């Protein structure tokens, strides 16, 4: 039947209760004015972080499907019910960033230019490969790896840090209130996504504590590309300093960096070896 007490059924219920926001309701009119008011140099200072996210959301909307397939095939009905909310969330995320991009005029703008090699390695290689694998290989190893790259690294490390960074910068400056409303909603959805990942990894580790070592290993395997992208954005911003100056933000890249590091280690700690 439905196991009403199943953790993923409970997460499904919360998703319905907490998932009513609609990107079509966000007022982006002030964002349009803010963006127009920026200098050409101030404009470029913002784009790298938006590039990472818009492309990232698109990647994950296509790439969660194989997990829903694999779990369906295993008969995990409550997981599948929850995953329908996960996939619809990601749809709204793609929608929200595309609306912002249109409202402020950079819809055309090929933002690919802000994706370095480490980024592409995560979003264009490790992520799609690990998810697609599940179509032919739904072994515990395969499922742990998919949840690690997608939920623990892409969402749980990069996206979390991305949200924090957005707040740290533009919330201070009083800029882009529509986008920040969007990001708050995104960040609320993402908490459920991460919880799914934790639950999935933990139940597999609960069967064989040796999958714990596999989890840690896959996390450390990805870390170089995580930090390598983070260094490239850090670096990139330190050149284009004009938005920080104009808006009186000592943009502390060294504390962001450690927020990333903090997120990575925190995700490890949410998986228990025993």
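Positions refer to the first chain, counted from 1.
Relative to one another, 36 to 44 and 220 to 228 have unequal mean CA B-factors, and 36 to 44 is the one with the higher figure.
Between 108 to 116 and 144 to 152, the higher mean Cα B-factor belongs to 108 to 116. Comparing C-alpha B-factors across 170, 100, 199, 82 in the deposited entry, the largest value falls on 170. When all modelled residues of the chain are sorted by CA temperature factor, residue 166 is found within the highest third. Annotation for residue 11: C-alpha temperature factor in the lowest third relative to the rest of the modelled chain, per the entry. Among the modelled residues of its chain, residue 178 has a C-alpha B-factor that falls in the middle third, as given in the PDB entry. Placement of the Cα temperature factor of residue 70 within the chain: lowest third of the modelled residues, per the deposited record. Placement of the Cα temperature factor of residue 205 within the chain: middle third of the modelled residues, per the deposited record.
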